[PDB]
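One structure below.
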Protein chains: 2
Amino acid sequence: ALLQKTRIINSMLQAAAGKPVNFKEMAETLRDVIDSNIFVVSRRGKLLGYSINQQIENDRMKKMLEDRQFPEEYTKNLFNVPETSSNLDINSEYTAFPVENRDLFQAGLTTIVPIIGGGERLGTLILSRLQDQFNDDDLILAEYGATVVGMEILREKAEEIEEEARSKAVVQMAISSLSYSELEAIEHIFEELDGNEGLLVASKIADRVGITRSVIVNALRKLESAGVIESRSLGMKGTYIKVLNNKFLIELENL
Amino acid sequence: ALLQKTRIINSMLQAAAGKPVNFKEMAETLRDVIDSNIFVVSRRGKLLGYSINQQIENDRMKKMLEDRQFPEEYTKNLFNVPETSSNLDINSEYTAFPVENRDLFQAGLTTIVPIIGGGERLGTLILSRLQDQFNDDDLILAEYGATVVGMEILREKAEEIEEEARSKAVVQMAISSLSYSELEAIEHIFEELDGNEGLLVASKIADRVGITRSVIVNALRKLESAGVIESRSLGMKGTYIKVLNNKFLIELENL
């Protein structure tokens, strides 16, 4: 019953809007829609999700469902596949696969669609039934489905790193905003500290370090200012901090 | 064969990848694989791109094709469509459209798809033949179709501002690294200046402003460093400069 079938696939997509990416509850969707087996493997060939409904004969797939890694020779060509291969097992004649890719498709009549977003193969969609041949409708669905879980990892991954170089801009911001002293204080602080959690009253360092309180006491708050650290001191008599940004200590040690 | 017609689409989708989003050249690729009229209009109702073959009886649409600005009464109810209107003109019986959108659909047995990604109705997609019914799959194409133009405005507008908020980003930079002095200078400079184009001679400012050539002449380079302005000084005897970022000048005035 076509169109609905998809409109349904679409229904699902619209819906992932805010909610962060989630393959499985989306693999399901394809399973449901296409009534097929569904496994999504990334470029690196880690399964990000899959789903099923009845047991199978495929011995050489589970290996990965236990270490997330699939070895540097197997999934390897699984990737070399230039296009969709339509209907597939262990008894059809073709010289499109080399004799080093024998057992990967294995059990349940398997079909294959490459996931292919922003100009790049981001991975593969395995589908694999047992009996019912893979219909022209049935394909069209996957191709949408792939195309969908296409610009999704895309999405997910941008998300994933656009908030790396957030953190990372942040930190060379604040650090960009200290005096030779202030930062030197900060420096000497965490050289003589451990982790985000830190307590040793500023008072102490000053005399040792030979930077006034006043300042040390301040470099400090400059970080309260672009978030990076937290303390809300307890009337001197001890001074404690914890950090709000992992990429920091890192950077700071990068000095 | 519909699938072909679909995969054909796919192929054009991969091959936008690098190339900067082109609507027409996809409006066509629709009007190809669908065999109909394609018109992509937006949230605000601008016709981004379109694509036809024969001559048409819609009068009330040749309006936007010169001002790009559709009425605050037409496109809007065009916006109001909760979902895909399958076939249309002006003889049928329906209590959807409000008594204020009679002639927008005018020519071509018209059909309607809303474009929705980033969990947002990005705009509307308009197909319109003359006789042939829009079939099931005619839809099926059309929709996915949208869905692409879909996450294309996404990519374009995404692209639009990750680079408006670049300018801004770099100018808040450059400036931010200006000593009060230096800043004082660039200031005094452009206040007695007109547009991105300037020839006024450093020597003469210092005095008139109370600052060393030393520093004027420093603060200038600084912005060429961060490229914001161009000058290749001449051997004094007249300095001439140019601004290479619009956002900049704006920002100055906002200090």
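FYI, nothing fancy with the structure tokens labels: chains A, B, ... in order, residues from 1 per chain, ligands from 1 as they appear.
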Q | Within 10 Å of residue 102 in chain B using only C-alpha atoms, minus same-chain residues under 4 positions, as JSON, numbers by chain | A | {"B": [74, 77, 89, 90, 97, 98, 106]}
Writer output for current selection, C-alpha atoms, as a PDB file, in the first residue's frame:
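As written to disk, out-v5.pdb reads:
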ATOM      1  CA  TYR B  74      -2.602  35.305  -1.015  1.00  0.00           C
ATOM      2  CA  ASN B  77      -3.536  30.851   3.112  1.00  0.00           C
ATOM      3  CA  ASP B  89      -8.503  23.874  -9.747  1.00  0.00           C
ATOM      4  CA  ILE B  90     -11.818  25.601  -9.183  1.00  0.00           C
ATOM      5  CA  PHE B  97      -9.352  27.100   2.032  1.00  0.00           C
ATOM      6  CA  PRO B  98     -10.671  30.327   3.602  1.00  0.00           C
ATOM      7  CA  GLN B 106      -5.268  29.471 -10.974  1.00  0.00           C
TER       8      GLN B 106
END
Q: Would you mind listing what lies within 7 Å of range 214-230 of chain A as a ChimeraX atom specification, with only C-alpha atoms counted and same-chain residues fewer than 6 positions away left out?
A: /A:174,178,182-183,185-186,202,241-245
Output C-alpha atoms of each residue in that selection to a file, as an mmCIF file, in the first residue's frame.
data_model
loop_
_atom_site.group_PDB
_atom_site.id
_atom_site.type_symbol
_atom_site.label_atom_id
_atom_site.label_comp_id
_atom_site.auth_asym_id
_atom_site.auth_seq_id
_atom_site.Cartn_x
_atom_site.Cartn_y
_atom_site.Cartn_z
ATOM 1 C CA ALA A 174 38.516 33.334 28.573
ATOM 2 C CA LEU A 178 43.863 37.265 31.081
ATOM 3 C CA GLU A 182 46.251 36.458 35.818
ATOM 4 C CA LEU A 183 46.909 33.629 33.475
ATOM 5 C CA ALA A 185 48.180 32.540 38.354
ATOM 6 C CA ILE A 186 45.662 30.221 36.697
ATOM 7 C CA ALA A 202 44.135 31.838 47.166
ATOM 8 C CA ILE A 241 36.574 25.406 42.488
ATOM 9 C CA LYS A 242 35.251 22.875 40.054
ATOM 10 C CA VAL A 243 35.141 23.351 36.274
ATOM 11 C CA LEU A 244 32.260 23.592 33.872
ATOM 12 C CA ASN A 245 34.198 22.881 30.707
#
Q | Test item: chain A residues at most 6 Å from chain B, counting only C-alpha atoms, as a PyMOL selection string | A | chain A and resi 3+14+17+118-119+140
Q: Determine which residues of range 28-196 of chain A DSSP labels as strand (DSSP E or B) from the backbone of this structure, then write them out as a list in words.
A: residues 38, 39, 40, 41, 42, 47, 48, 49, 50, 51, 85, 110, 111, 112, 113, 114, 115, 116, 117, 120, 121, 122, 123, 124, 125, 126, 127 and 128 of chain A
Q: Give me every alpha helix (DSSP H) residue in range 15-98 of chain B, going by DSSP on the backbone, as a list in words.
A: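 Residues of range 15-98 of chain B classed as alpha helix (DSSP H): residues 24, 25, 26, 27, 28, 29, 30, 31, 32, 33, 64, 65, 66, 67, 75, 76, 77, 78 and 79 of chain B.
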(Q) Restricting the calculation to only C-alpha atoms: of B:184, B:233, B:67, B:142, which residue gets closest to residue 212 in chain B? (A)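 Nearest candidate to residue 212 in chain B out of B:184, B:233, B:67, B:142: B:184.
Minimum atom-to-atom distances from B:234, B:154, B:41, B:34 to residue 128 in chain B were compared using only C-alpha atoms, and the lowest value belongs to B:34.
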**Q.** Residues within 8 Å of residue 75 in chain B, only C-alpha atoms, excluding chain neighbours under 6 positions, as a list in words
**A.**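 Listing them by chain and then by number gives residues 44, 45 and 104 of chain B.
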At a cut-off of 10 Å, using only C-alpha atoms, what residues contact residue 105 in chain B? Leave out same-chain residues fewer than 6 positions from it and give the result as an mmCIF file with N, CA, C and O atoms, in the first residue's frame.
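Output saved as selection.cif:
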data_model
loop_
_atom_site.group_PDB
_atom_site.id
_atom_site.type_symbol
_atom_site.label_atom_id
_atom_site.label_comp_id
_atom_site.auth_asym_id
_atom_site.auth_seq_id
_atom_site.Cartn_x
_atom_site.Cartn_y
_atom_site.Cartn_z
ATOM 1 N N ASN B 58 -3.055 30.806 -15.621
ATOM 2 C CA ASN B 58 -2.966 31.454 -14.306
ATOM 3 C C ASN B 58 -2.581 32.894 -14.611
ATOM 4 O O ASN B 58 -1.596 33.152 -15.316
ATOM 5 N N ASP B 59 -3.376 33.837 -14.128
ATOM 6 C CA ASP B 59 -3.024 35.249 -14.267
ATOM 7 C C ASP B 59 -2.403 35.756 -12.963
ATOM 8 O O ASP B 59 -1.388 36.462 -12.984
ATOM 9 N N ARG B 60 -3.008 35.336 -11.848
ATOM 10 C CA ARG B 60 -2.703 35.816 -10.489
ATOM 11 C C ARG B 60 -1.349 35.344 -9.930
ATOM 12 O O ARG B 60 -1.036 35.561 -8.750
ATOM 13 N N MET B 61 -0.546 34.717 -10.785
ATOM 14 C CA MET B 61 0.789 34.279 -10.389
ATOM 15 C C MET B 61 1.927 34.994 -11.122
ATOM 16 O O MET B 61 3.025 35.113 -10.577
ATOM 17 N N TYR B 74 -2.565 36.444 -0.110
ATOM 18 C CA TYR B 74 -2.602 35.305 -1.015
ATOM 19 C C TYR B 74 -1.768 34.139 -0.544
ATOM 20 O O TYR B 74 -2.285 33.096 -0.129
ATOM 21 N N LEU B 78 -2.282 30.039 1.328
ATOM 22 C CA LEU B 78 -1.390 29.102 0.707
ATOM 23 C C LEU B 78 -0.483 28.506 1.804
ATOM 24 O O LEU B 78 -0.216 27.293 1.868
ATOM 25 N N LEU B 88 -6.662 19.627 -7.913
ATOM 26 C CA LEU B 88 -7.261 20.959 -7.651
ATOM 27 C C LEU B 88 -7.408 21.836 -8.895
ATOM 28 O O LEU B 88 -6.677 21.696 -9.876
ATOM 29 N N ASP B 89 -8.368 22.750 -8.825
ATOM 30 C CA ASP B 89 -8.503 23.874 -9.747
ATOM 31 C C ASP B 89 -9.534 24.797 -9.118
ATOM 32 O O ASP B 89 -9.250 25.490 -8.124
ATOM 33 N N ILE B 90 -10.741 24.767 -9.670
ATOM 34 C CA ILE B 90 -11.818 25.601 -9.183
ATOM 35 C C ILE B 90 -13.178 25.154 -9.798
ATOM 36 O O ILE B 90 -13.731 25.805 -10.698
ATOM 37 N N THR B 111 -1.556 21.009 -7.722
ATOM 38 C CA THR B 111 -1.417 20.156 -6.560
ATOM 39 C C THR B 111 -0.506 20.812 -5.582
ATOM 40 O O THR B 111 0.327 21.650 -5.953
ATOM 41 N N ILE B 112 -0.644 20.394 -4.333
ATOM 42 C CA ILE B 112 0.045 21.076 -3.279
ATOM 43 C C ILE B 112 0.743 20.238 -2.200
ATOM 44 O O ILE B 112 0.119 19.415 -1.531
ATOM 45 N N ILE B 126 4.814 23.421 -5.585
ATOM 46 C CA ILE B 126 3.628 23.493 -6.406
ATOM 47 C C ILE B 126 3.792 22.889 -7.735
ATOM 48 O O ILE B 126 4.570 23.374 -8.573
ATOM 49 N N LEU B 127 2.991 21.854 -7.923
ATOM 50 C CA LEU B 127 2.952 21.134 -9.151
ATOM 51 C C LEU B 127 1.629 21.399 -9.725
ATOM 52 O O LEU B 127 0.675 21.639 -8.985
ATOM 53 N N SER B 128 1.579 21.358 -11.048
ATOM 54 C CA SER B 128 0.389 21.742 -11.773
ATOM 55 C C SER B 128 0.538 21.262 -13.193
ATOM 56 O O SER B 128 1.448 21.686 -13.892
#
Q. For residue 115 in chain B, which of B:42, B:179, B:246, B:37 is the closest residue, counting only C-alpha atoms?
A.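 For residue 115 in chain B, the nearest of the given residues is B:42.
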Q) Residues at most 9 Å from residue 248 in chain A, counting only C-alpha atoms, excluding those fewer than 5 positions away in the same chain, as a PyMOL selection string? A) chain A and resi 167-168+170-172+175+228+243+253
Q: Show which residues sit within 12 Å of residue 235 in chain B, as a ChimeraX atom specification. Count only C-alpha atoms, and ignore same-chain residues fewer than 4 positions away.
A: /B:201-203,231,239-240
Quick one: write out the picked residues with C-alpha atoms as a compact mmCIF listing (two decimals), in the first residue's frame?
# COMPACT_ATOMS: atom_id res chain seq x y z
CA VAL B 201 47.16 60.78 5.65
CA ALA B 202 48.20 59.41 9.01
CA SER B 203 50.71 62.16 9.58
CA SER B 231 45.79 49.31 2.56
CA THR B 239 47.49 56.75 2.95
CA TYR B 240 44.58 54.91 1.29
Q) Quick one: distance from CA of residue 23 in chain B to CA of residue 150 in chain A in Å, one decimal? A) 20.9 Å
Q) Residues at most 12 Å from residue 54 in chain B, counting only C-alpha atoms, excluding those fewer than 4 positions away in the same chain, as a PyMOL selection string? A) chain B and resi 31+35-37+107-108+128-130
Q. If you measure from CA of residue 72 in chain A to CA of residue 43 in chain A, what distance in Å do you get, rounded to one decimal?
A.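 Answer for the CA of residue 72 in chain A to CA of residue 43 in chain A separation: 12.1 Å.
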**Q.** Computed interatomic separation between CA of residue 176 in chain B and CA of residue 192 in chain B (Å)
**A.**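 Separation of CA of residue 176 in chain B and CA of residue 192 in chain B: 21.5 Å.
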